[PDB]
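input-v9.pdb follows (PDB, C-alpha atoms):
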```pdb
ATOM      1  CA  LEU I 140      20.849  36.415   8.393  1.00  0.00           C
ATOM      2  CA  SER I 141      21.738  37.227  12.013  1.00  0.00           C
ATOM      3  CA  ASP I 142      21.270  35.480  15.348  1.00  0.00           C
ATOM      4  CA  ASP I 143      20.591  32.248  13.473  1.00  0.00           C
ATOM      5  CA  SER I 144      20.036  28.953  15.265  1.00  0.00           C
ATOM      6  CA  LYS I 145      20.359  25.370  14.024  1.00  0.00           C
ATOM      7  CA  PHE I 146      17.391  23.666  12.358  1.00  0.00           C
ATOM      8  CA  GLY I 147      17.169  19.978  11.482  1.00  0.00           C
ATOM      9  CA  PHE I 148      16.548  18.644   8.064  1.00  0.00           C
ATOM     10  CA  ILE I 149      15.427  15.058   7.582  1.00  0.00           C
ATOM     11  CA  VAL I 150      16.010  13.187   4.359  1.00  0.00           C
ATOM     12  CA  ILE I 151      14.321   9.804   4.620  1.00  0.00           C
ATOM     13  CA  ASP I 152      14.475   6.961   2.078  1.00  0.00           C
ATOM     14  CA  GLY I 153      13.716   3.204   2.250  1.00  0.00           C
ATOM     15  CA  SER I 154      17.164   1.917   1.281  1.00  0.00           C
ATOM     16  CA  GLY I 155      19.204   4.435   3.057  1.00  0.00           C
ATOM     17  CA  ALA I 156      18.696   7.848   4.607  1.00  0.00           C
ATOM     18  CA  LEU I 157      20.617  11.135   5.032  1.00  0.00           C
ATOM     19  CA  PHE I 158      20.084  13.376   8.081  1.00  0.00           C
ATOM     20  CA  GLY I 159      21.132  16.988   7.629  1.00  0.00           C
ATOM     21  CA  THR I 160      20.752  20.364   9.251  1.00  0.00           C
ATOM     22  CA  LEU I 161      20.114  23.999   8.345  1.00  0.00           C
ATOM     23  CA  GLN I 162      21.825  26.842  10.231  1.00  0.00           C
ATOM     24  CA  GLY I 163      21.393  30.440   9.130  1.00  0.00           C
ATOM     25  CA  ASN I 164      22.098  30.619   5.421  1.00  0.00           C
ATOM     26  CA  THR I 165      24.629  27.797   5.708  1.00  0.00           C
ATOM     27  CA  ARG I 166      24.240  24.029   5.549  1.00  0.00           C
ATOM     28  CA  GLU I 167      25.639  21.116   7.565  1.00  0.00           C
ATOM     29  CA  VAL I 168      25.704  17.320   7.521  1.00  0.00           C
ATOM     30  CA  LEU I 169      25.167  15.306  10.728  1.00  0.00           C
ATOM     31  CA  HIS I 170      25.100  11.708   9.439  1.00  0.00           C
ATOM     32  CA  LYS I 171      24.650   9.827   6.152  1.00  0.00           C
ATOM     33  CA  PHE I 172      23.711   6.155   5.765  1.00  0.00           C
ATOM     34  CA  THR I 173      22.726   3.034   3.972  1.00  0.00           C
ATOM     35  CA  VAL I 174      20.529   0.460   5.772  1.00  0.00           C
ATOM     36  CA  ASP I 175      19.789  -3.114   4.728  1.00  0.00           C
ATOM     37  CA  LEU I 176      16.074  -3.936   4.743  1.00  0.00           C
ATOM     38  CA  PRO I 177      14.574  -7.616   5.259  1.00  0.00           C
ATOM     39  CA  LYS I 178      16.607 -10.574   6.452  1.00  0.00           C
ATOM     40  CA  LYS I 179      16.716 -12.574   3.192  1.00  0.00           C
ATOM     41  CA  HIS I 180      19.149 -11.305   0.613  1.00  0.00           C
ATOM     42  CA  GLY I 181      18.427 -13.581  -2.361  1.00  0.00           C
ATOM     43  CA  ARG I 182      19.169 -16.718  -0.317  1.00  0.00           C
ATOM     44  CA  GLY I 183      15.726 -18.218   0.294  1.00  0.00           C
ATOM     45  CA  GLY I 184      12.221 -19.160  -0.838  1.00  0.00           C
ATOM     46  CA  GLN I 185      11.403 -15.513  -1.459  1.00  0.00           C
ATOM     47  CA  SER I 186      12.656 -14.190  -4.804  1.00  0.00           C
ATOM     48  CA  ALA I 187      15.609 -11.851  -4.439  1.00  0.00           C
ATOM     49  CA  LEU I 188      14.305  -9.014  -6.677  1.00  0.00           C
ATOM     50  CA  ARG I 189      10.803  -9.359  -5.270  1.00  0.00           C
ATOM     51  CA  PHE I 190      12.091  -9.408  -1.720  1.00  0.00           C
ATOM     52  CA  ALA I 191      12.726  -5.703  -1.485  1.00  0.00           C
ATOM     53  CA  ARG I 192       9.164  -5.053  -2.846  1.00  0.00           C
ATOM     54  CA  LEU I 193       7.859  -7.474  -0.179  1.00  0.00           C
ATOM     55  CA  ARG I 194       9.456  -5.407   2.567  1.00  0.00           C
ATOM     56  CA  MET I 195       7.269  -2.315   2.231  1.00  0.00           C
ATOM     57  CA  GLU I 196       5.304  -3.560   5.306  1.00  0.00           C
ATOM     58  CA  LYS I 197       8.758  -3.572   7.045  1.00  0.00           C
ATOM     59  CA  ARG I 198       9.317   0.012   5.900  1.00  0.00           C
ATOM     60  CA  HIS I 199       7.344   1.086   8.960  1.00  0.00           C
ATOM     61  CA  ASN I 200       9.811  -0.620  11.355  1.00  0.00           C
ATOM     62  CA  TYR I 201      12.577   0.883   9.316  1.00  0.00           C
ATOM     63  CA  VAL I 202      10.945   4.380   9.569  1.00  0.00           C
ATOM     64  CA  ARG I 203      10.537   4.084  13.354  1.00  0.00           C
ATOM     65  CA  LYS I 204      14.175   3.021  13.494  1.00  0.00           C
ATOM     66  CA  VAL I 205      14.988   6.095  11.403  1.00  0.00           C
ATOM     67  CA  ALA I 206      12.773   8.086  13.763  1.00  0.00           C
ATOM     68  CA  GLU I 207      14.613   6.443  16.632  1.00  0.00           C
ATOM     69  CA  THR I 208      17.818   7.578  14.954  1.00  0.00           C
ATOM     70  CA  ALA I 209      16.552  11.179  14.724  1.00  0.00           C
ATOM     71  CA  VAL I 210      16.049  11.427  18.511  1.00  0.00           C
ATOM     72  CA  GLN I 211      19.593  10.313  19.219  1.00  0.00           C
ATOM     73  CA  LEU I 212      20.661  12.701  16.482  1.00  0.00           C
ATOM     74  CA  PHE I 213      18.485  15.584  17.754  1.00  0.00           C
ATOM     75  CA  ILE I 214      18.297  14.811  21.450  1.00  0.00           C
ATOM     76  CA  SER I 215      21.040  14.163  23.985  1.00  0.00           C
ATOM     77  CA  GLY I 216      20.872  13.482  27.678  1.00  0.00           C
ATOM     78  CA  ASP I 217      18.163  16.121  28.015  1.00  0.00           C
ATOM     79  CA  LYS I 218      19.528  18.355  25.254  1.00  0.00           C
ATOM     80  CA  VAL I 219      17.745  19.192  22.042  1.00  0.00           C
ATOM     81  CA  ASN I 220      20.040  19.790  19.057  1.00  0.00           C
ATOM     82  CA  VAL I 221      17.479  21.637  16.916  1.00  0.00           C
ATOM     83  CA  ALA I 222      16.042  25.105  16.924  1.00  0.00           C
ATOM     84  CA  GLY I 223      13.038  23.560  15.040  1.00  0.00           C
ATOM     85  CA  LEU I 224      12.529  20.673  12.501  1.00  0.00           C
ATOM     86  CA  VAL I 225      12.195  20.361   8.725  1.00  0.00           C
ATOM     87  CA  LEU I 226      11.108  16.978   7.238  1.00  0.00           C
ATOM     88  CA  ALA I 227      12.056  15.798   3.703  1.00  0.00           C
ATOM     89  CA  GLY I 228      11.187  12.521   1.914  1.00  0.00           C
ATOM     90  CA  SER I 229       9.953  10.702  -1.225  1.00  0.00           C
ATOM     91  CA  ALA I 230       6.273  10.171  -2.098  1.00  0.00           C
ATOM     92  CA  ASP I 231       5.460  12.814   0.504  1.00  0.00           C
ATOM     93  CA  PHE I 232       7.026  10.635   3.181  1.00  0.00           C
ATOM     94  CA  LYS I 233       7.763  13.541   5.493  1.00  0.00           C
ATOM     95  CA  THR I 234       4.132  14.408   5.511  1.00  0.00           C
ATOM     96  CA  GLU I 235       3.744  10.772   6.620  1.00  0.00           C
ATOM     97  CA  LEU I 236       6.733  11.001   8.943  1.00  0.00           C
ATOM     98  CA  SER I 237       4.916  13.425  11.313  1.00  0.00           C
ATOM     99  CA  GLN I 238       2.419  10.880  12.697  1.00  0.00           C
ATOM    100  CA  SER I 239       3.160  11.070  16.437  1.00  0.00           C
ATOM    101  CA  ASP I 240       2.603   7.323  17.057  1.00  0.00           C
ATOM    102  CA  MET I 241       5.772   6.456  15.158  1.00  0.00           C
ATOM    103  CA  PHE I 242       7.732   9.715  15.310  1.00  0.00           C
ATOM    104  CA  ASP I 243       8.786  11.085  18.661  1.00  0.00           C
ATOM    105  CA  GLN I 244       6.561  13.012  20.933  1.00  0.00           C
ATOM    106  CA  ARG I 245       9.352  15.569  21.393  1.00  0.00           C
ATOM    107  CA  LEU I 246      10.106  16.232  17.656  1.00  0.00           C
ATOM    108  CA  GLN I 247       6.466  16.480  16.800  1.00  0.00           C
ATOM    109  CA  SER I 248       6.352  19.583  18.982  1.00  0.00           C
ATOM    110  CA  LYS I 249       9.225  20.924  16.827  1.00  0.00           C
ATOM    111  CA  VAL I 250       7.254  20.555  13.608  1.00  0.00           C
ATOM    112  CA  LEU I 251       8.156  23.487  11.322  1.00  0.00           C
ATOM    113  CA  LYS I 252       8.104  22.455   7.544  1.00  0.00           C
ATOM    114  CA  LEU I 253       7.821  19.479   5.176  1.00  0.00           C
ATOM    115  CA  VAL I 254       9.325  19.581   1.612  1.00  0.00           C
ATOM    116  CA  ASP I 255      10.102  17.007  -1.173  1.00  0.00           C
ATOM    117  CA  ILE I 256      13.715  16.407  -2.391  1.00  0.00           C
ATOM    118  CA  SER I 257      14.881  16.619  -6.012  1.00  0.00           C
ATOM    119  CA  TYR I 258      16.470  13.238  -5.417  1.00  0.00           C
ATOM    120  CA  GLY I 259      17.754  11.196  -2.447  1.00  0.00           C
ATOM    121  CA  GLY I 260      20.002  13.217  -0.150  1.00  0.00           C
ATOM    122  CA  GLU I 261      22.804  15.655  -0.964  1.00  0.00           C
ATOM    123  CA  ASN I 262      21.525  17.237  -4.212  1.00  0.00           C
ATOM    124  CA  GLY I 263      17.870  17.206  -3.075  1.00  0.00           C
ATOM    125  CA  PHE I 264      19.115  18.129   0.315  1.00  0.00           C
ATOM    126  CA  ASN I 265      21.060  21.154  -0.957  1.00  0.00           C
ATOM    127  CA  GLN I 266      18.082  22.320  -3.084  1.00  0.00           C
ATOM    128  CA  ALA I 267      15.571  22.147  -0.282  1.00  0.00           C
ATOM    129  CA  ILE I 268      17.738  24.389   1.837  1.00  0.00           C
ATOM    130  CA  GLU I 269      18.132  26.962  -0.928  1.00  0.00           C
ATOM    131  CA  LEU I 270      14.395  26.804  -1.485  1.00  0.00           C
ATOM    132  CA  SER I 271      13.895  26.957   2.281  1.00  0.00           C
ATOM    133  CA  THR I 272      16.977  28.930   3.366  1.00  0.00           C
ATOM    134  CA  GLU I 273      15.177  32.213   4.005  1.00  0.00           C
ATOM    135  CA  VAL I 274      12.339  30.730   6.082  1.00  0.00           C
ATOM    136  CA  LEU I 275      15.035  29.503   8.441  1.00  0.00           C
TER     137      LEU I 275
END
```
Would it be possible to restate this file's structure as C-alpha cells?
Amino acid sequence: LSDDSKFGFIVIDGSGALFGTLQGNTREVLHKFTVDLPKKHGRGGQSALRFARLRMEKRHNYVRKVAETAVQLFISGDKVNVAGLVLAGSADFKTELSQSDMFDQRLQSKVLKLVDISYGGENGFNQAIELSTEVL
C-alpha cells in the first residue's frame, strides 16, 4: 500500500534453492540457484540414482549452507536487508527452517510467516506473495 518496506521470502529446496523478496505489493528476485549435493556423481561404489536418496542426512549441511547464504543475502557489514522474514519450502521445510541452532540467531528474531509453495521457486514464489501480499 504505502510506506512499504522490503520483506524477505525464502524458497528452499534440496537440489537447488531460490531466494526472493516481497516489497509492498510488488515482488523482487535477489538470487536463484542450483547446488550439487554429495561428492559422488555416479562414479563410485554407491549407486548413482540411490546416491541422491542417500544424501538426505547431508541435507542438513546443505540447509545450514542455505541458511548461511541467507545471512549474506539478508545481512551486510552490520546491515539488515529485510523489514521482516517469510519462509517457504517443501514438506513444511520452512517450519523446519526456523530452528535457531541451524538458522541464524539474527533472522530468527525476524520471524514473520511460513507458507508452502505451489512448486519450486518462481511460480510457487509468485503465488505465495499474492496469497501473502496484503499481510506485507
Point-to-point distance from atom CA of residue I:173 to atom CA of residue I:248, Å rounded to tenths: 27.7 Å
Evaluate the PyMOL selection byres ((chain I and resi 197-213) around 9) and record the selected residues as a list in words, following the chain and residue labels used in the document.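 Taken on the displayed file, the PyMOL selection byres ((chain I and resi 197-213) around 9) yields the residues residues 147, 149, 151, 152, 153, 156, 158, 169, 170, 174, 176, 177, 193, 194, 195, 196, 214, 215, 218, 219, 220, 221, 236, 241, 242, 243, 245 and 246 of chain I.
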Please give the centre and size of the box around stretch 215-223 of chain I (axis-aligned, containing every atom listed in the file, 4 Å added per side), with values in Å to one decimal and written as lines of an AutoDock Vina configuration file.
```
center_x = 17.0
center_y = 19.3
center_z = 21.5
size_x = 16.0
size_y = 19.6
size_z = 21.0
```
Using only C-alpha atoms, which protein or nucleic acid residues come within 7 Å of residue I:229? Drop anything in the same chain fewer than 2 positions from it, and give the result as a CSV table (one decimal) with C-alpha atoms, keeping the file's coordinate frame.
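Output below, filename part.csv:
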```csv
chain,number,residue,atom,x,y,z
I,152,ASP,CA,14.5,7.0,2.1
I,231,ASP,CA,5.5,12.8,0.5
I,232,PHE,CA,7.0,10.6,3.2
I,255,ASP,CA,10.1,17.0,-1.2
I,256,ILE,CA,13.7,16.4,-2.4
```
Of the residues I:250, I:188, I:230, I:150, which is the one nearest to residue I:265, using only C-alpha atoms? I:150
I'd like the contact shell of residue I:268 - 9 Å cut-off, all atoms listed in the file, skipping same-chain residues fewer than 4 positions apart - returned as JSON, numbers by chain. {"I": [148, 160, 161, 164, 165, 166, 263, 264, 272, 273, 275]}
Gap from atom CA of residue I:240 to atom CA of residue I:162 - Å, one decimal: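 Between these atoms lies a distance of 28.2 Å.
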Of the candidates I:227, I:140, I:251, I:235, which shows the shortest atom-to-atom distance to residue I:267, using only C-alpha atoms?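 Looking only at the distances to residue I:267, the closest residue turns out to be I:227.
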Under the rule that all atoms listed in the file are counted, which of I:254, I:216, I:172, I:261 is the nearest residue to residue I:228? I:254
Go ahead and compute the interatomic distance for atom CA of residue I:260 and atom CA of residue I:154, in Å to one decimal.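 Separating atom CA of residue I:260 from atom CA of residue I:154 is a distance of 11.7 Å.
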